[PDB]
Each structure stands twice: as C-alpha cells, then as structure tokens.
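Okay, handing you the structure first.
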Ligand SMILES: C[C@]12CCC(=O)C[C@@H]1CC[C@@H]1[C@@H]2CC[C@]2(C)[C@@H](O)CC[C@@H]12
C-alpha cells in the first residue's frame, strides 16, 4: 500500500 | 559539550500542517470529522518521515519500523496537538491545525466532546508542569516506542535497546540544570506519569475512530486511503488486546 511504499 | 541528541530531535521536528478545512462553512459532524481524517492522513506522512530520521530508528527490522508507527500514530499526534494547543492558544482550545481549531461548539458537534476534554486537559498539563520544549521533544520520541504486540516484535531486542536509550536521554535532559537527586527523581516521576496519561486518551480515540470507520458511509464521513487501512487492520489488534501500551506505572 501507499504506507508500505514508504519503507518499500 | 554538544547536545547531539537534542540537536537532532529539534532539527527533524515536522513543520506546520494544515487540514484544508473550509471554515467558511457551518460546522457539521461530517465536515469536521472528514477534516480531522484528512489531517490525520497528512500528519501521518510527516510522522513517517520524522520517525525514519530518529537516531537509531533504522536499527529496527523494517517490519517493526512500520509496526511501531502504525500502533503509535494516535498518541504521537495527540501529544503534539496538546503541545500546539498549549503554546498557541494556551490550551483554551484544541489547535489541531491552523485551519482546524476546536472551540466548545466544535468539540460538541464532533460528537467526541468527552475525548476532547481529556485532550484539553493533557494540553493544560503542559502548562501546569511547565514542560520545556526540549522535554516535549524527547517525550514525543519516546511515545513512538510505547506500544507493542504482546507476542513481541520481529526483532524485540533491537526495540528494547532503542526504547532504553530514549529513556536514558529523557533522564539526562532532566539532569541538565538540576543538580539535586530528589529533584531529578521528582521530574522523571511527573513526566512518566504524563506519558502514561496519553495512552488512555489514545485508546478512546482508537475505539471512536474504529466505530466511525465501520459506519462512515452512513454518516457521510470520509476516511483517506492510509487511515482506512490502518484503522481496520492495525487498530483492531489494539482494541482486542493483541497490542498494548507500555506503562511506566501500572
Ligand atoms: C489524529 C488526529 C489528527 C492530527 C491531530 O492533530 C490529532 C487528532 C486526534 C483525533 C483524531 C485525528 C485524526 C482523525 C480521527 C482518528 C477521527 O477519525 C476520530 C479521532 C481523530
């Protein structure tokens, strides 16, 4: 997700 | 000497974040809650950037980095909001954003007056205890490492090490000007008590936002992408007892 994309 | 740790927290502290609320429109539960939800989405972006930049944060497993932020954003945001209220309008009102300042009327229209009163109280604690800008910064950092799953994290040891170091820093911020033991001891007591009080407040807001997500479609309340996801996947874990806050005192 967009949140996960912050660490991915 | 050089306040390396404090220089960092100060340097990475997020700037002003607006909610984009239309103050030219009459207050309504839907408009107000929708504006708070969008403010949460915006603040979350800044919280992610802030955290990733904290000393030692990258030592945590990537999955844990995401976890602590997903569990702690509420307390962190509420704490920062209480400080803003204290320093901007002296706790007279809840200063969520420059364009979203709650007075009694909005506290009531939002349908979360009781929770708002507690947040206003916390805000007043900042004044009653004479919390310094530096104590605020370190306390806020410690809030990011104040809630974990009972089953532990991916790499619990790295987390324990990090949390311990942040407590150590809070402890030295207290002994900077103070040269008396019972003095430092008293201050540490007050702050830990203060940090603990954020938890019950976050819990209530967690329950409130959860119930709101469930029936948002019925009350015309909009939840942004990241908010909706976190509130339905992570927040429940908290409400069902799987994830709990770390209290200094019990
Ligand atoms: C974190 C925010 C928004 C950022 C802030 O300054 C604190 C404040 C506390 C109440 C939260 C709000 C975000 C949206 C929520 C979660 C609403 O759904 C109900 C409680 C609101």
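Think of each number as a place in line: the chain as shown, counted from 1.
Determined by X-ray crystallography, 2.2 Å, according to the entry header.
Cβ from N, Cα, C; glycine included.
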Of B:192, B:209, which one shares the 17beta-hydroxy-5alpha-androstan-3-one site with B:37, B:84 in Swiss-Prot?
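Record source Swiss-Prot; matching candidate: B:209.
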Return the single residue from the recorded positions list (B:209, B:229) that has the minimum number of other CB atoms within 10 Å.
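Looking at the recorded positions B:209, B:229, the Cβ with the fewest others within 10 Å is that of B:229.
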Between the recorded positions B:52, B:177, B:229, which lies closest to residue B:37 (17beta-hydroxy-5alpha-androstan-3-one binding site), Cα to Cα?
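Comparing Cα positions, the closest of these recorded positions turns out to be B:229.
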Counting other Cβ atoms within 10 Å, pick out the least crowded of the recorded positions B:84, B:177.
B:177
